[PDB]
Amino acid sequence: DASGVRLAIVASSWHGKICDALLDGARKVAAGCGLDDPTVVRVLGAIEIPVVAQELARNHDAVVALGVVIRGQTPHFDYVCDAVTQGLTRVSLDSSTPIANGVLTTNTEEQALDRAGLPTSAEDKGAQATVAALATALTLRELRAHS
Amino acid sequence: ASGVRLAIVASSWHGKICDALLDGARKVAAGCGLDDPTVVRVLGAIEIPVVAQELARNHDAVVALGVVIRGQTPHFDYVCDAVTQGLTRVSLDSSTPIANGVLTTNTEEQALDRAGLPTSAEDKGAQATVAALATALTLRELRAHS
Amino acid sequence: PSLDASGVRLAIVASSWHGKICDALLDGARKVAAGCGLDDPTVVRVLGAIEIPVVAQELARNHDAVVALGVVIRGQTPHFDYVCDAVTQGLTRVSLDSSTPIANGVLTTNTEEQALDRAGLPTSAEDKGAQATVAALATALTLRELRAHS
Amino acid sequence: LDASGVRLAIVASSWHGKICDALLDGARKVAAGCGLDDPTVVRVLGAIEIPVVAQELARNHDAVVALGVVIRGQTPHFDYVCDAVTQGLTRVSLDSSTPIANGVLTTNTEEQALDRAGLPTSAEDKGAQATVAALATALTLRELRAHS
Amino acid sequence: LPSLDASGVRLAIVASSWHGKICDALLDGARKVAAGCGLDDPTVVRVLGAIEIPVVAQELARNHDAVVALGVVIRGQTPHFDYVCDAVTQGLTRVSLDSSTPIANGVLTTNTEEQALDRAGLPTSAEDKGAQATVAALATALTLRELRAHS
Ligand SMILES: CCC(=O)N[C@@H]1C(=O)NC(=O)N=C1NC[C@H](O)[C@H](O)[C@H](O)CO
Ligand SMILES: CCC(=O)N[C@@H]1C(=O)NC(=O)N=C1NC[C@H](O)[C@H](O)[C@H](O)CO
Ligand SMILES: CCC(=O)N[C@@H]1C(=O)NC(=O)N=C1NC[C@H](O)[C@H](O)[C@H](O)CO
Ligand SMILES: CCC(=O)N[C@@H]1C(=O)NC(=O)N=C1NC[C@H](O)[C@H](O)[C@H](O)CO
Ligand SMILES: CCC(=O)N[C@@H]1C(=O)NC(=O)N=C1NC[C@H](O)[C@H](O)[C@H](O)CO
Ligand SMILES: [K+]
Ligand SMILES: [K+]
Ligand SMILES: [K+]
Ligand SMILES: [K+]
Ligand SMILES: [K+]
Ligand SMILES: [K+]
Ligand SMILES: [K+]
Ligand SMILES: [K+]
Ligand SMILES: [K+]
Ligand SMILES: [K+]
């Protein structure tokens, strides 16, 4: 059970259908664990996630970062994903808070659809990341001060 | 977004494309009720983060604009690495959205097509400004207000 | 140096993605620990490798050494690279922030076969879980000798 | 313009002496043209040694120019040396709030490095370019910072 | 390299042990440069792998003017090579800037064993990166000594 944990979810909006599916999977895991109302924030792109995740981390036991980065024609994909990786890792360690990475980094749109948790998808990384965030928050709760 | 304080730092390497990105940035700003954002010019993309850091002390959002085109050497990779590392750090250090409108392309054609010129497919300068403003407004709603 | 280490406080954080291989790594870690006079190290489980650094950071506050264990296998997307980047960045930062050895027993493989071959199963060529724990304990003992003791 | 008041430091590595001296020559010439006859010039052995010296120079200078030549060899060592320089200089710049200009050449061949050093027959001078970059940014930050 | 005194500089050497023969050769080259510069007894610490270097380098940096990092990373079958070298790069660069101390990189990052042998300073090797890194550390420590507060 994870009813006591304060969960935040930050989801980017670039590729709306896939982003909403990831968020759907996140909210479903949250509600299944006894959390009907997690803090849900929307940002435009994946680069905007870390700075919002940092704000959310000040008031929550866990933050789920959700987004979809699909490779285009330029090397820009690599550096967007690099920024997200660097940002979320820093935010997690700065705040000592699990920042779960449900940010899809795919070569094609099909690969992103297949990992969003749609009807015919093979997996749901939005669901997976929320499990990851909540379990780590509960683990840290057991590791931290409680008399 | 009339209340948000916006700064724009744009490098100058590849002037035509950099001015187009800045044009797209200014137009989004003005459309959102911001006629005069703080606009600073730097020479290259490596010079952006340290100026972005200065601008972040006095602004709710900073838009980083620039054009990095791959040449003959691996130098492209390390310039883009420095920008990525710098802007990400600045954003988290200052708790300020630092939007990345810095183009990282293989060819000049790809950069032109993403600058927002008459025949361009997209305007990344415009997109970055929307990104910066929306995140600044989001953080304003998330932060202290009684 | 795997010979002595009874006084060292050891933590082991192991992710769970690819359970069989993760348990094998943890098995190798626990066996090295027990052989060095440490029957009860702090063992924490996390879901994925991304979750390791923040737990490793917590464990580093009250342990002389932390062993990070996990299995990252390349899939269809570039996601593999960025997961491994986050772990690398995270563990390196945690080690230097806390001045504590954070041993990397996180497998970073192209295929499942390569991960199985490095977990320390019956037929495996090596055990990276065992290797990382030797690495963590030896470094903790080294730092103990380098640090203040009158 | 008028960069006479800015305090400039130049740190140049020594690995590939001819090319490193050419980069330094271009740096010194831009400096002198901007009204700075005597910038602080420090030499280091390799490019890895630059950031820690750049950090020291940054405490007492408005701008630091990092100069060096990294040419790819037989091993992946090239990538990690350039990674360290990139990481180091970017950190130093933001730690000190000081422009640390990157005039460190990262080339596949020696010809490419020669062509970017500002020798008689070179296509460009990255040592000159980096000094312009450092000075302009230092002047920009001076205008952005406190002055009543 | 024996040309200046370097007698006053406090030198630490941290060398990993993975690939013992090559690591000992790098250390040999390091100690010989040190002794030639008037330093018979530098602080020498051994670690198991290259990932263990930065945290020990950090400790050594607290009471030495220069630290030489020595090690051998040879590419295997997996991408693990890249991430080990990334960690060392990140770690040593951070430690150097945190402590304001030259942390010389004599950590070999090679595709084959032959390439590592050729850069260790063995009888038939083309170069000695252990020797080169110690020269690099000592020269930078002397340079920083001249740049810092004195008198
Ligand atoms: C591959 C790059 C691309 O075409 N689109 C990416 C993308 O794939 N996914 C995304 O969320 N945001 C993007 N770009 C927006 C970016 O995250 C920022 O919002 C922007 O750089 C301004 O900061
Ligand atoms: C591919 C590299 C190149 O030829 N030019 C790049 C480039 O593509 N784009 C850019 O904005 N600045 C550059 N170089 C200038 C650089 O950002 C710095 O100003 C320079 O390193 C000095 O600090
Ligand atoms: C190639 C990526 C993949 O398909 N699975 C990896 C994997 O191979 N190993 C792993 O431990 N965790 C994974 N993913 C989960 C990840 O570590 C985090 O739990 C997730 O990003 C939520 O924070
Ligand atoms: C990797 C390519 C190479 O063979 N040599 C490079 C190089 O190309 N350029 C350089 O300045 N220094 C090097 N190596 C020395 C390095 O910068 C440090 O001085 C050394 O690692 C000690 O820390
Ligand atoms: C990646 C190639 C490999 O198979 N082994 C390398 C290697 O080549 N060299 C090395 O010194 N240490 C290794 N591995 C050990 C590593 O440095 C750490 O000790 C380990 O990850 C525990 O922290
Ligand atoms: K928190
Ligand atoms: K407890
Ligand atoms: K601000
Ligand atoms: K609020
Ligand atoms: K500790
Ligand atoms: K002692
Ligand atoms: K300064
Ligand atoms: K002013
Ligand atoms: K020191
Ligand atoms: K002095």
Side-chain angles (χ1 to χ4, degrees), chain C residues 1-2 49 60 64-66 68 71-74 80-111 113-115 117-118 125-126 128 131-148, chain E residues 10 12-20 23 42-64 67 69-71 73-101 103 107 109:
Chain C
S2 63
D64 311 322
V66 185
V71 192
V72 191
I73 301 161
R74 188 188 302 275
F80 170 79
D81 298 317
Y82 307 111
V83 164
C84 293
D85 278 339
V87 179
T88 297
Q89 287 172 29
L91 297 185
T92 305
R93 183 193 153 157
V94 164
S95 69
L96 298 174
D97 280 3
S98 65
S99 305
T100 297
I102 313 300
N104 183 294
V106 181
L107 301 180
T108 290
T109 65
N110 291 322
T111 47
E113 308 269 45
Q114 287 180 338
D117 204 19
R118 287 161 182 82
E126 55 199 321
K128 296 284 182 187
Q131 290 172 34
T133 304
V134 175
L137 292 174
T139 319
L141 285 160
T142 284
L143 287 166
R144 191 157 87 192
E145 286 309 291
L146 287 181
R147 280 163 183 158
Chain E
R10 274 103 82 150
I13 308 169
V14 45
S16 62
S17 306
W18 260 83
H19 304 288
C23 286
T43 301
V44 180
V45 179
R46 302 304 296 262
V47 297
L48 186 65
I51 284 176
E52 284 73 62
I53 297 177
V55 73
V56 168
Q58 182 190 63
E59 175 66 38
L60 297 173
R62 294 179 54 82
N63 72 315
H64 296 85
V67 185
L70 303 174
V73 192
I74 315 271
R75 196 173 79 198
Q77 305 188 317
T78 71
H80 191 64
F81 173 83
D82 305 328
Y83 304 102
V84 164
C85 301
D86 281 6
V88 179
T89 306
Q90 280 176 219
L92 299 187
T93 308
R94 182 189 148 156
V95 166
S96 60
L97 300 173
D98 280 352
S99 65
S100 301
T101 302
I103 315 304
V107 182
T109 64

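Throughout, a chain's letter reflects where its sequence line sits, starting with A, and its residues are numbered from 1. Excluded from the calculations below are hydrogen atoms, water molecules and symmetry mates; all remaining heavy atoms, backbone and side chain alike, are included.
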field: Per-residue contact mode, E:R46 against chain C (heavy atom under 4.5 angstrom)
entry: backbone
query: If you count heavy-atom pairs under 4.5 Å with chain C, which of E:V84, E:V47, E:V56, E:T43 comes out on top?
result: E:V56
- prompt: Considering only heavy atoms, which portion of C:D117 lies under 4.5 Å from any heavy atom of chain E: side chain, backbone, both, or neither?
  reply: neither
field: C:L143 portion near chain E, given a 4.5 angstrom heavy-atom threshold
entry: side chain
task: Select one option (side chain, backbone, both, neither) describing which atoms of C:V106 are under 4.5 Å from chain E's heavy atoms.
output: backbone
message: Quick check: do C:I102 and E:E52 have side-chain heavy atoms less than 4.5 Å from each other?
response: no
task: Indicate whether the side chain of C:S99 and that of E:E59 have a donor and an acceptor atom separated by less than 3.5 Å.
output: no
task: Give, as side chain, backbone, both or neither, the part of C:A138 having an atom under 4.5 angstrom from any heavy atom of chain E.
output: neither
task: Using a cut-off of under 4.5 Å on heavy-atom pairs, state which of C:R74, C:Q131, C:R118 scores highest against chain E.
output: C:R118
- prompt: Nearest 0.5 Å, what's the CG-CG distance between C:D85 and E:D86?
  reply: 6.5 Å
message: Working to the nearest 0.5 angstrom, can you tell me the gap between E:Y83 OH and C:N104 CG?
response: 11.5 Å
statement: So NE2 of E:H80 and CG of C:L107: to nearest 0.5 Å the spacing works out to 8.0 Å
query: What part of E:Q58 lies closer than 4.5 angstrom to a heavy atom of chain C: side chain, backbone, both or neither?
result: side chain
message: Ignoring hydrogens, what is the shortest heavy-atom contact between C:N110 and E:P79? Give both atom names and the distance.
response: OD1-CG, 3.3 Å
field: Over 12 foreign heavy atoms within 6.0 Å of CD, C:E126
entry: yes
- request: Nearest 0.5 Å please: distance from the CG atom of E:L48 over to the OG atom of C:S2.
  value: 8.5 Å
- prompt: What do the steps show when you test E:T78 against C:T108 for side-chain contact (heavy atoms from CB on, under 4.5 Å), and what is the final call?
  reply: CA-CA 7 Å; E:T78 71; C:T108 290; 5.7 Å; no
query: Checking C:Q89 against chain E: side chain, backbone, both or neither under 4.5 Å from a heavy atom?
result: both
task: Let me know if C:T100 has heavy atoms under 4.5 Å from chain E in its side chain, its backbone, both or neither.
output: backbone
